[PDB]
$ cat protein23.cif   # mmCIF, C-alpha atoms
data_data
#
loop_
_atom_site.group_PDB
_atom_site.id
_atom_site.type_symbol
_atom_site.label_atom_id
_atom_site.label_comp_id
_atom_site.auth_asym_id
_atom_site.auth_seq_id
_atom_site.Cartn_x
_atom_site.Cartn_y
_atom_site.Cartn_z
ATOM 1 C CA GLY A 1 4.148 -80.677 -6.948
ATOM 2 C CA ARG A 2 6.879 -79.001 -4.959
ATOM 3 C CA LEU A 3 6.925 -76.233 -7.588
ATOM 4 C CA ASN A 4 3.166 -75.716 -7.748
ATOM 5 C CA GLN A 5 2.723 -75.689 -3.961
ATOM 6 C CA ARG A 6 5.568 -73.194 -3.741
ATOM 7 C CA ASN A 7 3.931 -71.122 -6.469
ATOM 8 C CA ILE A 8 0.564 -71.106 -4.646
ATOM 9 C CA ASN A 9 2.120 -70.313 -1.305
ATOM 10 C CA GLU A 10 4.236 -67.528 -2.643
ATOM 11 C CA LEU A 11 1.162 -65.850 -4.113
ATOM 12 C CA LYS A 12 -1.008 -66.439 -1.062
ATOM 13 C CA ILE A 13 1.721 -64.968 1.163
ATOM 14 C CA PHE A 14 2.120 -61.815 -0.986
ATOM 15 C CA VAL A 15 -1.628 -61.275 -1.303
ATOM 16 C CA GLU A 16 -2.288 -61.573 2.423
ATOM 17 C CA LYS A 17 0.729 -59.363 3.263
ATOM 18 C CA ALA A 18 -0.586 -56.733 0.815
ATOM 19 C CA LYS A 19 -4.275 -56.982 1.666
ATOM 20 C CA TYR A 20 -4.347 -53.340 2.957
ATOM 21 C CA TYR A 21 -2.456 -51.940 -0.050
ATOM 22 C CA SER A 22 -5.672 -50.402 -1.500
ATOM 23 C CA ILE A 23 -7.019 -49.074 1.848
ATOM 24 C CA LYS A 24 -3.653 -47.472 2.585
ATOM 25 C CA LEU A 25 -3.300 -45.827 -0.808
ATOM 26 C CA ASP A 26 -6.877 -44.540 -0.446
ATOM 27 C CA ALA A 27 -5.864 -43.109 2.941
ATOM 28 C CA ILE A 28 -3.085 -41.076 1.247
ATOM 29 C CA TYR A 29 -5.432 -39.825 -1.456
ATOM 30 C CA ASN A 30 -8.092 -38.764 1.110
ATOM 31 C CA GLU A 31 -5.591 -36.862 3.256
ATOM 32 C CA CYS A 32 -3.895 -35.065 0.319
ATOM 33 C CA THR A 33 -6.931 -34.314 -1.782
ATOM 34 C CA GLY A 34 -7.728 -30.894 -0.274
ATOM 35 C CA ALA A 35 -4.030 -29.935 -0.514
ATOM 36 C CA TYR A 36 -3.701 -31.265 -4.133
ATOM 37 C CA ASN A 37 -6.725 -29.262 -5.333
ATOM 38 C CA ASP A 38 -5.446 -26.017 -3.781
ATOM 39 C CA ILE A 39 -1.980 -26.348 -5.363
ATOM 40 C CA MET A 40 -3.400 -27.189 -8.751
ATOM 41 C CA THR A 41 -6.011 -24.353 -8.338
ATOM 42 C CA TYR A 42 -4.212 -21.405 -6.562
ATOM 43 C CA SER A 43 -1.019 -21.898 -8.553
ATOM 44 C CA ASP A 44 -2.705 -17.068 -3.929
ATOM 45 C CA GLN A 45 0.723 -17.642 -2.306
ATOM 46 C CA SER A 46 -0.769 -18.390 1.136
ATOM 47 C CA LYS A 47 -2.956 -21.317 0.152
ATOM 48 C CA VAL A 48 -0.200 -22.816 -2.008
ATOM 49 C CA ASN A 49 2.106 -22.705 1.058
ATOM 50 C CA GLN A 50 -0.431 -24.320 3.348
ATOM 51 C CA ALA A 51 -1.128 -27.093 0.845
ATOM 52 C CA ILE A 52 2.669 -27.677 0.595
ATOM 53 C CA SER A 53 2.925 -27.731 4.380
ATOM 54 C CA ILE A 54 0.236 -30.423 4.608
ATOM 55 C CA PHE A 55 2.186 -32.716 2.236
ATOM 56 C CA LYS A 56 5.526 -32.095 4.027
ATOM 57 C CA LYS A 57 4.196 -32.199 7.572
ATOM 58 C CA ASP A 58 6.316 -34.596 9.688
ATOM 59 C CA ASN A 59 7.362 -36.293 6.396
ATOM 60 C CA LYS A 60 4.175 -38.260 7.052
ATOM 61 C CA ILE A 61 2.948 -38.609 3.448
ATOM 62 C CA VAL A 62 6.352 -39.675 2.135
ATOM 63 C CA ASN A 63 6.518 -42.173 5.017
ATOM 64 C CA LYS A 64 3.132 -43.608 4.018
ATOM 65 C CA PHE A 65 4.491 -44.246 0.491
ATOM 66 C CA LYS A 66 7.611 -45.829 2.062
ATOM 67 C CA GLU A 67 5.347 -48.113 4.060
ATOM 68 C CA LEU A 68 3.596 -49.325 0.821
ATOM 69 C CA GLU A 69 7.005 -49.830 -0.783
ATOM 70 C CA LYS A 70 8.040 -52.007 2.153
ATOM 71 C CA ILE A 71 4.905 -54.262 1.904
ATOM 72 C CA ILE A 72 6.133 -55.293 -1.635
ATOM 73 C CA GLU A 73 9.868 -55.010 -0.898
ATOM 74 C CA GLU A 74 10.802 -58.451 -2.325
ATOM 75 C CA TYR A 75 9.047 -57.747 -5.708
ATOM 76 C CA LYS A 76 9.011 -54.041 -6.133
ATOM 77 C CA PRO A 77 10.091 -52.475 -9.482
ATOM 78 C CA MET A 78 13.543 -50.833 -9.481
ATOM 79 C CA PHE A 79 12.153 -47.346 -10.206
ATOM 80 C CA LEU A 80 9.894 -47.107 -7.152
ATOM 81 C CA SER A 81 12.380 -46.224 -4.473
ATOM 82 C CA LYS A 82 13.630 -43.498 -6.764
ATOM 83 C CA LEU A 83 10.298 -41.890 -7.602
ATOM 84 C CA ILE A 84 9.601 -41.758 -3.862
ATOM 85 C CA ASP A 85 12.925 -39.989 -3.096
ATOM 86 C CA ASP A 86 12.511 -37.759 -6.179
ATOM 87 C CA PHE A 87 9.103 -36.709 -4.800
ATOM 88 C CA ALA A 88 10.554 -36.116 -1.324
ATOM 89 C CA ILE A 89 13.357 -33.960 -2.826
ATOM 90 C CA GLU A 90 10.914 -31.882 -4.884
ATOM 91 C CA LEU A 91 8.587 -31.359 -1.959
ATOM 92 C CA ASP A 92 11.653 -30.261 0.137
ATOM 93 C CA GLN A 93 12.743 -27.670 -2.455
ATOM 94 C CA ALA A 94 9.198 -26.306 -2.709
ATOM 95 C CA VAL A 95 9.230 -25.911 1.138
ATOM 96 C CA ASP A 96 12.628 -24.142 0.987
ATOM 97 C CA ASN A 97 11.957 -22.030 -2.095
ATOM 98 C CA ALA A 98 4.073 -25.724 -6.944
ATOM 99 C CA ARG A 99 2.181 -27.588 -9.684
ATOM 100 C CA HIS A 100 5.254 -29.807 -10.228
ATOM 101 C CA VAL A 101 4.946 -31.210 -6.678
ATOM 102 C CA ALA A 102 1.291 -32.116 -7.250
ATOM 103 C CA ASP A 103 2.100 -33.619 -10.671
ATOM 104 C CA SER A 104 4.936 -35.580 -9.169
ATOM 105 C CA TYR A 105 2.541 -36.827 -6.411
ATOM 106 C CA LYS A 106 0.011 -38.020 -8.992
ATOM 107 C CA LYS A 107 2.710 -39.782 -11.033
ATOM 108 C CA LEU A 108 3.928 -41.502 -7.899
ATOM 109 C CA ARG A 109 0.480 -42.701 -6.916
ATOM 110 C CA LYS A 110 -0.115 -44.339 -10.263
ATOM 111 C CA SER A 111 3.355 -45.906 -10.078
ATOM 112 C CA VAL A 112 2.469 -47.295 -6.653
ATOM 113 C CA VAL A 113 -0.602 -48.984 -8.172
ATOM 114 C CA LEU A 114 1.503 -50.356 -11.095
ATOM 115 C CA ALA A 115 3.971 -51.671 -8.540
ATOM 116 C CA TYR A 116 1.350 -53.949 -7.025
ATOM 117 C CA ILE A 117 0.600 -55.317 -10.527
ATOM 118 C CA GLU A 118 4.357 -55.666 -11.194
ATOM 119 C CA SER A 119 4.744 -57.736 -8.027
ATOM 120 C CA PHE A 120 1.921 -60.001 -9.060
ATOM 121 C CA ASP A 121 3.458 -60.299 -12.573
ATOM 122 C CA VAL A 122 6.825 -61.399 -11.116
ATOM 123 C CA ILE A 123 5.219 -64.040 -8.940
ATOM 124 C CA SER A 124 2.925 -65.374 -11.624
ATOM 125 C CA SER A 125 5.885 -65.655 -14.040
ATOM 126 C CA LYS A 126 7.305 -68.412 -11.764
ATOM 127 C CA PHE A 127 4.250 -70.609 -12.194
ATOM 128 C CA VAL A 128 4.913 -73.867 -14.034
ATOM 129 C CA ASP A 129 1.251 -74.172 -15.081
ATOM 130 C CA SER A 130 1.019 -72.645 -18.513
ATOM 131 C CA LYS A 131 -2.705 -71.894 -18.502
ATOM 132 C CA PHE A 132 -2.324 -69.892 -15.273
ATOM 133 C CA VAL A 133 0.654 -68.081 -16.842
ATOM 134 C CA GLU A 134 -1.444 -67.203 -19.866
ATOM 135 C CA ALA A 135 -4.489 -66.132 -17.876
ATOM 136 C CA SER A 136 -2.044 -63.989 -15.778
ATOM 137 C CA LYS A 137 -0.685 -62.111 -18.800
ATOM 138 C CA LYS A 138 -4.187 -61.341 -19.913
ATOM 139 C CA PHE A 139 -5.119 -60.229 -16.359
ATOM 140 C CA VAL A 140 -2.044 -57.969 -16.130
ATOM 141 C CA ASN A 141 -2.828 -56.349 -19.498
ATOM 142 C CA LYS A 142 -6.455 -55.706 -18.582
ATOM 143 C CA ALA A 143 -5.275 -54.403 -15.178
ATOM 144 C CA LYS A 144 -2.885 -51.832 -16.667
ATOM 145 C CA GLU A 145 -5.590 -50.669 -19.093
ATOM 146 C CA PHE A 146 -7.956 -50.207 -16.102
ATOM 147 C CA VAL A 147 -5.221 -48.317 -14.226
ATOM 148 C CA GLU A 148 -4.844 -45.871 -17.164
ATOM 149 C CA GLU A 149 -8.537 -45.139 -16.736
ATOM 150 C CA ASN A 150 -8.475 -44.787 -12.960
ATOM 151 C CA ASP A 151 -5.584 -45.815 -10.843
ATOM 152 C CA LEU A 152 -7.178 -46.047 -7.354
ATOM 153 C CA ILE A 153 -10.391 -47.726 -8.604
ATOM 154 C CA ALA A 154 -8.317 -50.200 -10.677
ATOM 155 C CA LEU A 155 -6.169 -51.053 -7.668
ATOM 156 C CA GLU A 156 -9.174 -51.545 -5.432
ATOM 157 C CA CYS A 157 -10.749 -54.002 -7.932
ATOM 158 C CA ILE A 158 -7.372 -55.744 -8.463
ATOM 159 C CA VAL A 159 -6.801 -56.202 -4.715
ATOM 160 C CA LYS A 160 -10.379 -57.444 -4.167
ATOM 161 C CA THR A 161 -10.487 -60.000 -7.010
ATOM 162 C CA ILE A 162 -7.028 -61.413 -6.296
ATOM 163 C CA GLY A 163 -7.918 -61.596 -2.591
ATOM 164 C CA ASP A 164 -11.135 -63.404 -3.330
ATOM 165 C CA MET A 165 -9.315 -65.901 -5.621
ATOM 166 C CA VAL A 166 -6.698 -66.828 -3.063
ATOM 167 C CA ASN A 167 -9.315 -67.203 -0.248
ATOM 168 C CA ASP A 168 -11.497 -69.484 -2.408
ATOM 169 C CA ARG A 169 -14.203 -66.926 -2.884
ATOM 170 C CA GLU A 170 -16.017 -66.725 -6.244
ATOM 171 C CA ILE A 171 -15.153 -63.594 -8.253
ATOM 172 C CA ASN A 172 -18.058 -61.233 -9.010
ATOM 173 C CA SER A 173 -18.037 -60.136 -12.661
ATOM 174 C CA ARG A 174 -20.832 -57.668 -12.204
ATOM 175 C CA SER A 175 -19.718 -53.994 -12.244
ATOM 176 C CA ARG A 176 -19.644 -52.363 -8.802
ATOM 177 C CA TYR A 177 -19.769 -48.834 -10.378
ATOM 178 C CA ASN A 178 -22.519 -49.050 -12.559
ATOM 179 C CA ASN A 179 -20.541 -49.621 -15.539
ATOM 180 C CA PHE A 180 -19.117 -46.037 -15.390
ATOM 181 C CA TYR A 181 -15.466 -47.134 -15.868
ATOM 182 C CA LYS A 182 -15.132 -48.445 -19.417
ATOM 183 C CA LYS A 183 -12.368 -50.908 -18.555
ATOM 184 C CA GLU A 184 -13.899 -52.530 -15.427
ATOM 185 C CA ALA A 185 -15.885 -55.316 -17.115
ATOM 186 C CA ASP A 186 -12.956 -56.649 -19.236
ATOM 187 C CA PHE A 187 -10.780 -56.599 -16.177
ATOM 188 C CA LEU A 188 -13.380 -58.602 -14.238
ATOM 189 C CA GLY A 189 -13.652 -61.138 -17.115
ATOM 190 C CA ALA A 190 -9.887 -61.628 -17.054
ATOM 191 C CA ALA A 191 -10.009 -62.126 -13.301
ATOM 192 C CA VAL A 192 -12.691 -64.835 -13.813
ATOM 193 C CA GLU A 193 -10.420 -66.672 -16.316
ATOM 194 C CA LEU A 194 -7.501 -66.343 -13.949
ATOM 195 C CA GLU A 195 -9.673 -67.784 -11.110
ATOM 196 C CA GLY A 196 -10.555 -70.827 -13.248
ATOM 197 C CA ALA A 197 -6.884 -71.524 -14.055
ATOM 198 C CA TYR A 198 -5.985 -71.023 -10.383
ATOM 199 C CA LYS A 199 -8.835 -73.330 -9.280
ATOM 200 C CA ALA A 200 -7.378 -76.079 -11.486
ATOM 201 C CA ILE A 201 -3.947 -75.747 -9.902
ATOM 202 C CA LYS A 202 -5.477 -75.735 -6.399
ATOM 203 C CA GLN A 203 -7.686 -78.856 -6.730
ATOM 204 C CA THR A 204 -4.782 -80.999 -7.962
ATOM 205 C CA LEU A 205 -3.259 -80.244 -4.576
#

$ encode --input "protein23.cif" --output "structure tokens"
Amino acid sequence: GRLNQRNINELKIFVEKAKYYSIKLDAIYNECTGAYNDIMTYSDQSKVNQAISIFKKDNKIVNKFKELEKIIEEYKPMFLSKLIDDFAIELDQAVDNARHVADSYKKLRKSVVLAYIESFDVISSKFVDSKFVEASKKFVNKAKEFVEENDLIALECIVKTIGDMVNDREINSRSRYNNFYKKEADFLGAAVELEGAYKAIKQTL
């Protein structure tokens, strides 16, 4: 009982603390999208420099990734802090001396999404209830497959379903994208099995 209540509370605490993880990552994508496209496209020396300047400006973008890193500080994967600094360093050399900056940005974003899943994986691995542990492995697998198809959409669905589960709201298994993403529906079905296993833990407390 002590262990299960601790398990539940740990998860609930993480989820609530990270409830803006998807909104905030979307905010980064929206601000950098015009700059990303111009680097990828005009790699025109002027436009490439102005795109670079928008990424670097006031170290704001890097600081937004550092903020996401901090939200999951207790669980974050060991590589994350490094990818962030590696991106900062590359951006700084491009300012001083550009497709590699944009590619590094994209890699980082996906790794930020995988870091939320990694955090959830760590926490769920502590659970003493074996059916929850199993449903969690299946969830994680389906989540990574959805991320390979689209990292920001995957993260948004992951954050929403897990949030719903921990606030006692029924998961919706109907596609919110008209079934355009091939991996959405299997992910939602795994979240429904996870919810059922989590329900069972909850209503024995």

$ closest_residue --input "protein23.cif" --among "A:101, A:157, A:13, A:51" --to "residue A:31" --atoms "all atoms listed in the file"
A:51

$ resolve_selection --input "protein23.cif" --expression "the PyMOL selection byres ((chain A and resi 48) around 12)" --output "ChimeraX atom specification"
/A:34-47,49-55,94-95,98-99,101-102

$ resolve_selection --input "protein23.cif" --expression "the PyMOL selection byres ((chain A and resi 200) around 12)" --output "MDAnalysis selection string"
chainID A and resid 4 8 129:132 165 168 193:199 201:205

$ write_last_selection --input "protein23.cif" --atoms "C-alpha atoms" --output "short mmCIF file (atom, residue, chain, number, x, y, z; two decimals), in the frame of the given file"
data_model
loop_
_atom_site.label_atom_id
_atom_site.label_comp_id
_atom_site.auth_asym_id
_atom_site.auth_seq_id
_atom_site.Cartn_x
_atom_site.Cartn_y
_atom_site.Cartn_z
CA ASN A 4 3.17 -75.72 -7.75
CA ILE A 8 0.56 -71.11 -4.65
CA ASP A 129 1.25 -74.17 -15.08
CA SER A 130 1.02 -72.64 -18.51
CA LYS A 131 -2.70 -71.89 -18.50
CA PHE A 132 -2.32 -69.89 -15.27
CA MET A 165 -9.32 -65.90 -5.62
CA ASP A 168 -11.50 -69.48 -2.41
CA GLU A 193 -10.42 -66.67 -16.32
CA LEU A 194 -7.50 -66.34 -13.95
CA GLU A 195 -9.67 -67.78 -11.11
CA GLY A 196 -10.56 -70.83 -13.25
CA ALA A 197 -6.88 -71.52 -14.06
CA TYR A 198 -5.98 -71.02 -10.38
CA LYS A 199 -8.84 -73.33 -9.28
CA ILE A 201 -3.95 -75.75 -9.90
CA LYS A 202 -5.48 -75.74 -6.40
CA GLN A 203 -7.69 -78.86 -6.73
CA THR A 204 -4.78 -81.00 -7.96
CA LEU A 205 -3.26 -80.24 -4.58
#

$ resolve_selection --input "protein23.cif" --expression "the PyMOL selection byres ((chain A and resi 138-142) around 12)" --output "ChimeraX atom specification"
/A:114-125,131-137,143-149,154-155,157-158,161-162,182-195,197

$ atom_distance --input "protein23.cif" --atom1 "atom CA of residue A:97" --atom2 "atom CA of residue A:65"
23.6 Å

$ atom_distance --input "protein23.cif" --atom1 "atom CA of residue A:108" --atom2 "atom CA of residue A:17"
21.3 Å

$ closest_residue --input "protein23.cif" --among "A:112, A:153, A:61, A:15" --to "residue A:78" --atoms "all atoms listed in the file"
A:112

$ atom_distance --input "protein23.cif" --atom1 "atom CA of residue A:81" --atom2 "atom CA of residue A:113"
13.8 Å

$ residues_around --input "protein23.cif" --residues "residue A:25" --least-positions-apart "4" --cutoff "8 Å" --atoms "only C-alpha atoms" --output "mmCIF file with C-alpha atoms, keeping the file's coordinate frame"
data_model
loop_
_atom_site.group_PDB
_atom_site.id
_atom_site.type_symbol
_atom_site.label_atom_id
_atom_site.label_comp_id
_atom_site.auth_asym_id
_atom_site.auth_seq_id
_atom_site.Cartn_x
_atom_site.Cartn_y
_atom_site.Cartn_z
ATOM 1 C CA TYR A 21 -2.456 -51.940 -0.050
ATOM 2 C CA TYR A 29 -5.432 -39.825 -1.456
ATOM 3 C CA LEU A 68 3.596 -49.325 0.821
ATOM 4 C CA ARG A 109 0.480 -42.701 -6.916
ATOM 5 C CA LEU A 152 -7.178 -46.047 -7.354
#

$ closest_residue --input "protein23.cif" --among "A:76, A:128, A:159, A:105" --to "residue A:5" --atoms "only C-alpha atoms"
A:128

$ closest_residue --input "protein23.cif" --among "A:181, A:69, A:87, A:56" --to "residue A:32" --atoms "only C-alpha atoms"
A:56

$ axis_aligned_box --input "protein23.cif" --around "stretch 177-185 of chain A" --padding-each-side "3 Å" --output "lines of an AutoDock Vina configuration file"
center_x = -17.4
center_y = -50.7
center_z = -14.9
size_x = 16.2
size_y = 15.3
size_z = 15.0

$ closest_residue --input "protein23.cif" --among "A:110, A:127, A:24, A:176" --to "residue A:10" --atoms "only C-alpha atoms"
A:127

$ build_atoms --input "protein23.cif" --residues "stretch 37-53 of chain A" --atoms "N, CA, C and O atoms" --output "PDB file, in the coordinates of the input"
ATOM      1  N   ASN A  37      -5.789 -30.122  -4.588  1.00  0.00           N
ATOM      2  CA  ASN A  37      -6.725 -29.262  -5.333  1.00  0.00           C
ATOM      3  C   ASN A  37      -6.281 -27.792  -5.208  1.00  0.00           C
ATOM      4  O   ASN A  37      -6.190 -27.083  -6.206  1.00  0.00           O
ATOM      5  N   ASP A  38      -5.905 -27.387  -4.007  1.00  0.00           N
ATOM      6  CA  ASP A  38      -5.446 -26.017  -3.781  1.00  0.00           C
ATOM      7  C   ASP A  38      -4.134 -25.661  -4.451  1.00  0.00           C
ATOM      8  O   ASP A  38      -3.937 -24.494  -4.793  1.00  0.00           O
ATOM      9  N   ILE A  39      -3.229 -26.626  -4.651  1.00  0.00           N
ATOM     10  CA  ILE A  39      -1.980 -26.348  -5.363  1.00  0.00           C
ATOM     11  C   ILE A  39      -2.277 -26.200  -6.843  1.00  0.00           C
ATOM     12  O   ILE A  39      -1.806 -25.279  -7.503  1.00  0.00           O
ATOM     13  N   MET A  40      -3.005 -27.173  -7.363  1.00  0.00           N
ATOM     14  CA  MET A  40      -3.400 -27.189  -8.751  1.00  0.00           C
ATOM     15  C   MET A  40      -4.230 -25.907  -9.070  1.00  0.00           C
ATOM     16  O   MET A  40      -4.053 -25.297 -10.127  1.00  0.00           O
ATOM     17  N   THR A  41      -5.088 -25.484  -8.139  1.00  0.00           N
ATOM     18  CA  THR A  41      -6.011 -24.353  -8.338  1.00  0.00           C
ATOM     19  C   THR A  41      -5.341 -22.965  -8.150  1.00  0.00           C
ATOM     20  O   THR A  41      -5.234 -22.189  -9.121  1.00  0.00           O
ATOM     21  N   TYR A  42      -4.860 -22.686  -6.928  1.00  0.00           N
ATOM     22  CA  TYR A  42      -4.212 -21.405  -6.562  1.00  0.00           C
ATOM     23  C   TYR A  42      -2.726 -21.294  -6.950  1.00  0.00           C
ATOM     24  O   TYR A  42      -1.994 -20.464  -6.388  1.00  0.00           O
ATOM     25  N   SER A  43      -2.272 -22.136  -7.881  1.00  0.00           N
ATOM     26  CA  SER A  43      -1.019 -21.898  -8.553  1.00  0.00           C
ATOM     27  C   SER A  43      -1.338 -21.001  -9.737  1.00  0.00           C
ATOM     28  O   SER A  43      -0.529 -20.164 -10.111  1.00  0.00           O
ATOM     29  N   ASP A  44      -2.577 -17.149  -5.384  1.00  0.00           N
ATOM     30  CA  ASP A  44      -2.705 -17.068  -3.929  1.00  0.00           C
ATOM     31  C   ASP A  44      -1.534 -17.806  -3.257  1.00  0.00           C
ATOM     32  O   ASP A  44      -1.562 -19.028  -3.123  1.00  0.00           O
ATOM     33  N   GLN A  45      -0.511 -17.053  -2.835  1.00  0.00           N
ATOM     34  CA  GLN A  45       0.723 -17.642  -2.306  1.00  0.00           C
ATOM     35  C   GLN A  45       0.499 -18.320  -0.961  1.00  0.00           C
ATOM     36  O   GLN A  45       1.228 -19.249  -0.613  1.00  0.00           O
ATOM     37  N   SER A  46      -0.508 -17.866  -0.214  1.00  0.00           N
ATOM     38  CA  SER A  46      -0.769 -18.390   1.136  1.00  0.00           C
ATOM     39  C   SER A  46      -1.257 -19.815   1.088  1.00  0.00           C
ATOM     40  O   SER A  46      -0.718 -20.684   1.764  1.00  0.00           O
ATOM     41  N   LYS A  47      -2.311 -20.017   0.297  1.00  0.00           N
ATOM     42  CA  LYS A  47      -2.956 -21.317   0.152  1.00  0.00           C
ATOM     43  C   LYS A  47      -1.989 -22.348  -0.412  1.00  0.00           C
ATOM     44  O   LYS A  47      -1.930 -23.472   0.086  1.00  0.00           O
ATOM     45  N   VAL A  48      -1.225 -21.949  -1.430  1.00  0.00           N
ATOM     46  CA  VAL A  48      -0.200 -22.816  -2.008  1.00  0.00           C
ATOM     47  C   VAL A  48       0.806 -23.247  -0.926  1.00  0.00           C
ATOM     48  O   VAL A  48       1.161 -24.416  -0.859  1.00  0.00           O
ATOM     49  N   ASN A  49       1.210 -22.339  -0.044  1.00  0.00           N
ATOM     50  CA  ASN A  49       2.106 -22.705   1.058  1.00  0.00           C
ATOM     51  C   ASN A  49       1.501 -23.618   2.099  1.00  0.00           C
ATOM     52  O   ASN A  49       2.189 -24.437   2.693  1.00  0.00           O
ATOM     53  N   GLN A  50       0.216 -23.473   2.353  1.00  0.00           N
ATOM     54  CA  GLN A  50      -0.431 -24.320   3.348  1.00  0.00           C
ATOM     55  C   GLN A  50      -0.713 -25.717   2.797  1.00  0.00           C
ATOM     56  O   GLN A  50      -0.684 -26.702   3.534  1.00  0.00           O
ATOM     57  N   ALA A  51      -0.995 -25.799   1.500  1.00  0.00           N
ATOM     58  CA  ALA A  51      -1.128 -27.093   0.845  1.00  0.00           C
ATOM     59  C   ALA A  51       0.224 -27.806   0.916  1.00  0.00           C
ATOM     60  O   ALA A  51       0.270 -28.958   1.318  1.00  0.00           O
ATOM     61  N   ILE A  52       1.311 -27.101   0.595  1.00  0.00           N
ATOM     62  CA  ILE A  52       2.669 -27.677   0.595  1.00  0.00           C
ATOM     63  C   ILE A  52       3.021 -28.208   1.990  1.00  0.00           C
ATOM     64  O   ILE A  52       3.620 -29.303   2.138  1.00  0.00           O
ATOM     65  N   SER A  53       2.643 -27.417   2.994  1.00  0.00           N
ATOM     66  CA  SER A  53       2.925 -27.731   4.380  1.00  0.00           C
ATOM     67  C   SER A  53       2.223 -28.973   4.805  1.00  0.00           C
ATOM     68  O   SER A  53       2.778 -29.710   5.582  1.00  0.00           O
TER      69      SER A  53
END
